[PDB]
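Have a look at the structure below before the remarks.
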Amino acid sequence: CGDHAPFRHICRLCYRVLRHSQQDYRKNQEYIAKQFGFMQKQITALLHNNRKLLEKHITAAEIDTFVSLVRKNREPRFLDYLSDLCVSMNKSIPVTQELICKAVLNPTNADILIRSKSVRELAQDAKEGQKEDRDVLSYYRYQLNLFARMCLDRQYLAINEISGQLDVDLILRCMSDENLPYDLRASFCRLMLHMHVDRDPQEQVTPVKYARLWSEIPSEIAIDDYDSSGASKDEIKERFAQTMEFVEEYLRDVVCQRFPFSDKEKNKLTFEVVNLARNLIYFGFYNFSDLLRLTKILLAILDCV
Amino acid sequence: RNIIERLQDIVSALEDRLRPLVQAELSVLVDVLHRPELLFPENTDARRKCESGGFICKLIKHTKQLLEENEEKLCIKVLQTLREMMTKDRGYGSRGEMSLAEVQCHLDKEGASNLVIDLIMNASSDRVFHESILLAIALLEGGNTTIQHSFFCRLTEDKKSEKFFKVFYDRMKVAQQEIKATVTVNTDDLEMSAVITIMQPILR
Amino acid sequence: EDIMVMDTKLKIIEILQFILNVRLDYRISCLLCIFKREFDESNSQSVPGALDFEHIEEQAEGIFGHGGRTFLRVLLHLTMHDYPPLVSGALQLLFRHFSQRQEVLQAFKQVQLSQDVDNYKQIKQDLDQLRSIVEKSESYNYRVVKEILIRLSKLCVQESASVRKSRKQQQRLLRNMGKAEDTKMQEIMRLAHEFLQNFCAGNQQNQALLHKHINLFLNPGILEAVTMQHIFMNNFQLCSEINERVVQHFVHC
Amino acid sequence: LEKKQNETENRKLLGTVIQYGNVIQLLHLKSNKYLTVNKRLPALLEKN
């Protein structure tokens, strides 16, 4: 720096080995960890834990510096890595999340570090058609979602919900439109909204069918649609139904006719949707018919060959 | 008059009584069918014939589960299932002769007994212990001659399981001493628990 | 990604485990509400030779096999080659076949243990249980949490019925009892023992039996004799549960 | 007879290399009395 090649290449892999050694070590990595930040600046803050180490990586200034660099940075992968949202309850609920949100929220707040949406989508398609059109969105969306979503925290997610759009339909359409992250992004957004609704009560499945001598309506012979966690009556129900219908209808069709390896993200989205359905879908016999299809959809996925 | 409700409870009880009478048998039949199917080309399945058709998979899966450990409850159910597969002499009437010379012969054609030697070697649960050999007499399936003849050859592998068997035996010796203190003296019984009872069956 | 699909599908499959679990329970309740008491029981929902042909009558409906394909799908799920995470899922599915029998058990699943009274008990009974659970879960921090177990769930309504076997069934911590320290934990334990005795207070015959079942740190004769005498003596349980040698233990006690 | 048999063991027993971890017995000579610790009969000072 003061004043590349084979030497540089050799040093790169060596740096990777160094990172692994500190990451593997426990009770053994204090100054190596202290050491890591400078190396990061040149080119395990939560990844290796550091209970103490995790807190230490929590140099507020270090986080701020990383964010500023990214903003003027114009270099994306590092931003996602920095973006975190660790397991371990999402990095202690933003013990990581709080920092990222303030830091991410502050940068967004003062900087970057319908019809318009449709126009943007068309522009993105043109960019995709060429080789430098719109290649920032999938990564950006993923980073934003992770950053604004570790572990289902407080209203910082509603700060990201400030950039929400209220559009499950739009998100689903976007994911479908770009066999990508936007659709997956819609699922993530849906999960966040669902989590907010879910704070309401944490809907675990209860097996209490205890109808007393005062018993229930005993004419429920074939309930095709049982009462579930659609977010209340018509609106919640409609949203859940629409999403489910599209996925089964869309997922089922893809599974029946898709290739066995080309939409790993699509499969992941389907799994997320299934989890979401468990949190929210509860529609009975009709739901059960859908479940049969999911059963059918599962069979279609297996239609192994 | 809550008599209608009481009558409903009685009808349910009658149904339950039948359930007690069979579903053990019915459940066994379903499971037995699965065992046969596994031996079977998937009981009319066999991965839709084809390249992936389908013969000997249950045994391979069983070896993997044994290696896995786990919340042991699944393993206990599986141990019961292995016994049920050996657990035979009824339900047949793929015309395999219902004799362990064919059956545990094909079960030794399967040959899943290293896990029982591992169940003899590793004994995590007492229920894992008391059933790891509790069906293990099928390893001596009447002849069990290869199950001997390979099991003796299998005895030359490591120290592991043999040492565990010795510990169980030693465990039986300790238990016997305790029981002797426990019988204590004369001059009735509750079966001496079973610890003792378990040991007698195990010893046999 | 294959297991991300597979255990993702296993997530659906484990979702399908309780999904059909839930479905089976709901179906049972619906069936239970009207008609067929004898007939309904026989029907199910889907001397030595009594059902042995009805099993054969299930044997064609099994050997040939309102979704038959769904049952086959469960078999295909079992059919996956080797997925250790997936293998664990397969083990769950194998137990799940066991679900028809499980469903019979599930039909029974009517046990455990008035109305408004039940709600009040849940508000409290539940509170006492929660305090005990929290104390186990969380020097004296669990001893700081011990007042939720000893004081919370301290005023048991022994006049109200449904408490003896049912609060005995509702009380997991008590069952587990049935870490001694001379400090906050020790004090909490002594208080808990007194409170627990008051709570059990619902075993005059049954309560005594429950206490006996719970016990392992007691009935030696030596280590707890004075306390044992205080807990019980001079009754009909002193004539049948009154076997001797306690003064031989009380000779050291 | 069994006590006689205990002897008709000890005589044979002489020769054994006395090692760690064994379980052995004792006996005096001057008083020629035995050693037995009670499990239920306490001491004079402390009952423990």
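Lettering and numbering for the structure tokens are positional, with chains as A, B, ... in the shown order, residues counted from 1 in each chain, and ligands counted from 1 in the shown order.
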Would you list which chain C residues are within 7 Å of chain A using only C-alpha atoms, as a ChimeraX atom specification? /C:1,4-5,8-9,12,29-31,33-34,70,73
C-alpha atoms of the current selection, written as a PDB file, in the first residue's frame:
ATOM      1  CA  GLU C   1     -29.990 -28.168  -1.693  1.00  0.00           C
ATOM      2  CA  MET C   4     -32.620 -28.480   1.538  1.00  0.00           C
ATOM      3  CA  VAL C   5     -35.277 -29.889  -0.708  1.00  0.00           C
ATOM      4  CA  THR C   8     -37.440 -29.034   3.298  1.00  0.00           C
ATOM      5  CA  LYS C   9     -39.825 -31.688   2.050  1.00  0.00           C
ATOM      6  CA  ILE C  12     -43.337 -30.517   4.833  1.00  0.00           C
ATOM      7  CA  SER C  29     -64.151 -35.342  17.103  1.00  0.00           C
ATOM      8  CA  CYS C  30     -66.523 -34.884  14.187  1.00  0.00           C
ATOM      9  CA  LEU C  31     -67.328 -38.597  14.100  1.00  0.00           C
ATOM     10  CA  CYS C  33     -70.498 -35.883  17.760  1.00  0.00           C
ATOM     11  CA  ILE C  34     -73.390 -37.789  16.123  1.00  0.00           C
ATOM     12  CA  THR C  70     -51.189 -40.481  -0.252  1.00  0.00           C
ATOM     13  CA  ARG C  73     -46.528 -41.409  -0.998  1.00  0.00           C
TER      14      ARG C  73
END
Excluding residue 225 of chain C and its own-chain neighbours fewer than 5 positions away, which residues fall within 9 Å of it when counting only C-alpha atoms? Please give them as a ChimeraX atom specification. /C:218-220,230,246-247,249-250,253
Pick from C:19, C:191, C:86, C:10 nearest to chain B, counting only C-alpha atoms: C:86
Chain C contacts on chain B, only C-alpha atoms, 9 Å, as a compact mmCIF listing (two decimals) with N, CA, C and O atoms, in the first residue's frame:
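Written output follows (result30.txt):
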# COMPACT_ATOMS: atom_id res chain seq x y z
N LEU B 7 -74.17 -43.65 27.20
CA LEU B 7 -74.33 -44.74 26.24
C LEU B 7 -73.28 -44.62 25.15
O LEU B 7 -72.71 -45.62 24.70
N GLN B 8 -73.02 -43.38 24.72
CA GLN B 8 -72.01 -43.11 23.71
C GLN B 8 -70.64 -43.51 24.25
O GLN B 8 -69.85 -44.16 23.56
N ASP B 9 -70.40 -43.19 25.52
CA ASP B 9 -69.14 -43.56 26.16
C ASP B 9 -69.02 -45.08 26.18
O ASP B 9 -67.95 -45.61 25.87
N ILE B 10 -70.10 -45.79 26.49
CA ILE B 10 -70.10 -47.25 26.51
C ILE B 10 -69.80 -47.85 25.13
O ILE B 10 -69.05 -48.82 25.01
N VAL B 11 -70.39 -47.27 24.08
CA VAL B 11 -70.15 -47.74 22.71
C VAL B 11 -68.67 -47.55 22.36
O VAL B 11 -68.03 -48.43 21.75
N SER B 12 -68.13 -46.40 22.77
CA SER B 12 -66.73 -46.08 22.53
C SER B 12 -65.85 -47.09 23.26
O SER B 12 -64.85 -47.54 22.73
N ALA B 13 -66.24 -47.44 24.49
CA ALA B 13 -65.51 -48.40 25.29
C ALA B 13 -65.51 -49.75 24.59
O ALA B 13 -64.50 -50.43 24.58
N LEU B 14 -66.64 -50.15 24.01
CA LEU B 14 -66.70 -51.43 23.31
C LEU B 14 -65.74 -51.42 22.12
O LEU B 14 -64.98 -52.38 21.89
N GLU B 15 -65.74 -50.30 21.41
CA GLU B 15 -64.85 -50.17 20.26
C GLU B 15 -63.39 -50.26 20.72
O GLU B 15 -62.58 -50.92 20.07
N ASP B 16 -63.07 -49.62 21.84
CA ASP B 16 -61.74 -49.61 22.44
C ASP B 16 -61.32 -51.01 22.86
O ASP B 16 -60.16 -51.41 22.69
N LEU B 18 -62.34 -53.75 21.49
CA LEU B 18 -61.93 -54.48 20.30
C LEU B 18 -60.52 -54.03 19.89
O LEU B 18 -59.65 -54.85 19.62
N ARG B 19 -60.29 -52.72 19.93
CA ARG B 19 -58.99 -52.17 19.55
C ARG B 19 -57.88 -52.83 20.32
O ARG B 19 -56.86 -53.21 19.76
N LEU B 21 -58.02 -55.76 21.66
CA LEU B 21 -57.91 -57.10 21.15
C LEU B 21 -57.10 -57.19 19.86
O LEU B 21 -56.29 -58.10 19.72
N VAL B 22 -57.25 -56.26 18.92
CA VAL B 22 -56.51 -56.46 17.67
C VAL B 22 -55.33 -55.63 17.17
O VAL B 22 -54.17 -56.01 17.32
N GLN B 23 -55.72 -54.39 16.93
CA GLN B 23 -54.83 -53.38 16.42
C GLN B 23 -53.45 -53.74 16.86
O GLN B 23 -52.50 -53.20 16.33
N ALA B 24 -53.28 -54.57 17.90
CA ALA B 24 -51.94 -55.02 18.15
C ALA B 24 -51.69 -55.92 16.95
O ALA B 24 -50.79 -55.70 16.15
N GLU B 25 -52.62 -56.85 16.71
CA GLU B 25 -52.49 -57.74 15.59
C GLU B 25 -52.55 -56.98 14.27
O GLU B 25 -51.75 -57.21 13.41
N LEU B 26 -53.49 -56.05 14.15
CA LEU B 26 -53.64 -55.31 12.90
C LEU B 26 -52.42 -54.48 12.60
O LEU B 26 -51.94 -54.39 11.47
N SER B 27 -51.89 -53.87 13.65
CA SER B 27 -50.73 -53.01 13.53
C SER B 27 -49.56 -53.85 13.11
O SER B 27 -48.80 -53.49 12.23
N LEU B 29 -49.74 -56.65 11.54
CA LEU B 29 -49.92 -57.05 10.18
C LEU B 29 -49.44 -55.96 9.26
O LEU B 29 -48.72 -56.24 8.33
N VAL B 30 -49.78 -54.71 9.53
CA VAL B 30 -49.34 -53.65 8.64
C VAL B 30 -47.82 -53.58 8.63
O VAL B 30 -47.19 -53.55 7.57
N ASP B 31 -47.24 -53.65 9.81
CA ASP B 31 -45.80 -53.58 9.94
C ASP B 31 -45.10 -54.75 9.28
O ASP B 31 -44.04 -54.62 8.71
N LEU B 33 -46.30 -56.51 6.86
CA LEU B 33 -46.46 -56.31 5.45
C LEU B 33 -45.32 -55.43 5.02
O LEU B 33 -44.66 -55.72 4.07
N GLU B 42 -40.78 -53.91 -2.64
CA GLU B 42 -41.61 -52.86 -2.10
C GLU B 42 -43.09 -53.16 -1.97
O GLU B 42 -43.90 -52.25 -2.14
N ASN B 43 -43.46 -54.41 -1.71
CA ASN B 43 -44.87 -54.77 -1.52
C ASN B 43 -45.77 -54.30 -2.65
O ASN B 43 -46.84 -53.74 -2.42
N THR B 44 -45.33 -54.52 -3.88
CA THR B 44 -46.07 -54.02 -5.02
C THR B 44 -45.55 -52.63 -5.39
O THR B 44 -46.15 -51.93 -6.20
N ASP B 45 -44.46 -52.20 -4.76
CA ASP B 45 -43.88 -50.91 -5.07
C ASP B 45 -42.54 -51.11 -5.76
O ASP B 45 -42.44 -51.01 -6.98
N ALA B 46 -41.50 -51.35 -4.97
CA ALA B 46 -40.14 -51.56 -5.49
C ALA B 46 -39.66 -50.43 -6.36
O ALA B 46 -39.11 -50.66 -7.44
N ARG B 47 -39.94 -49.19 -5.95
CA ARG B 47 -39.57 -48.00 -6.70
C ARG B 47 -40.09 -48.06 -8.13
O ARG B 47 -39.36 -47.72 -9.06
N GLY B 54 -35.05 -52.11 -5.73
CA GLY B 54 -35.97 -52.13 -4.63
C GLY B 54 -35.81 -53.32 -3.71
O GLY B 54 -36.68 -53.56 -2.87
N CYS B 57 -33.64 -52.73 1.00
CA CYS B 57 -33.58 -51.38 1.54
C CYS B 57 -33.88 -51.20 3.01
O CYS B 57 -33.24 -50.38 3.70
N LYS B 58 -34.84 -51.95 3.53
CA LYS B 58 -35.19 -51.81 4.93
C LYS B 58 -33.99 -52.15 5.79
O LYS B 58 -33.68 -51.42 6.72
N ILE B 60 -30.85 -51.96 4.98
CA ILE B 60 -29.83 -50.89 4.95
C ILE B 60 -30.20 -49.69 5.87
O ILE B 60 -29.38 -49.16 6.68
N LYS B 61 -31.48 -49.32 5.80
CA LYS B 61 -31.98 -48.21 6.59
C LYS B 61 -31.86 -48.49 8.09
O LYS B 61 -31.50 -47.60 8.87
N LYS B 64 -28.41 -47.86 9.33
CA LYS B 64 -28.16 -46.44 9.53
C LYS B 64 -28.82 -45.87 10.81
O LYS B 64 -28.18 -45.11 11.55
N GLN B 65 -30.06 -46.25 11.10
CA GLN B 65 -30.75 -45.73 12.30
C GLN B 65 -30.06 -46.13 13.60
O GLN B 65 -29.93 -45.33 14.60
N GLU B 68 -27.19 -43.98 14.06
CA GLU B 68 -27.67 -42.68 14.46
C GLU B 68 -28.00 -42.44 15.94
O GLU B 68 -27.66 -41.37 16.44
N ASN B 70 -29.90 -40.69 18.95
CA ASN B 70 -31.14 -39.99 18.69
C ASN B 70 -31.83 -39.76 20.02
O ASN B 70 -31.34 -40.17 21.07
N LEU B 74 -37.73 -43.48 18.86
CA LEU B 74 -37.87 -44.01 17.51
C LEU B 74 -37.11 -45.33 17.42
O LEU B 74 -37.61 -46.32 16.88
N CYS B 75 -35.92 -45.38 18.00
CA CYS B 75 -35.14 -46.60 17.97
C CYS B 75 -35.89 -47.73 18.68
O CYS B 75 -35.90 -48.84 18.19
N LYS B 77 -39.10 -48.14 19.00
CA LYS B 77 -40.20 -48.60 18.15
C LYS B 77 -39.65 -49.51 17.05
O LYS B 77 -40.24 -50.54 16.75
N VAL B 78 -38.52 -49.11 16.46
CA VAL B 78 -37.83 -49.87 15.42
C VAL B 78 -37.35 -51.23 15.89
O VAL B 78 -37.34 -52.19 15.14
N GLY B 91 -50.25 -64.97 9.50
CA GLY B 91 -50.56 -63.91 8.57
C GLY B 91 -50.30 -64.22 7.11
O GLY B 91 -50.79 -63.49 6.25
Select from segment 72-147 of chain B everything DSSP, run on the backbone, classes as helix (DSSP H, G or I), then give the selection as JSON, numbers by chain. {"B": [73, 74, 75, 76, 77, 78, 79, 80, 81, 82, 83, 84, 85, 86, 103, 104, 105, 106, 107, 108, 109, 110, 114, 115, 116, 117, 118, 119, 120, 121, 126, 127, 128, 129, 130, 131, 132, 136, 137, 138, 145, 146, 147]}
For atom CA of residue 57 of chain A and atom CA of residue 152 of chain A, determine how far apart the two atoms are, in Å to one decimal place. 22.2 Å
Got a sec to pull out which chain B residues are within 10 Å of chain A, counting only C-alpha atoms, and send them as a list in words? residues 2, 5, 47, 48, 50, 51 and 52 of chain B
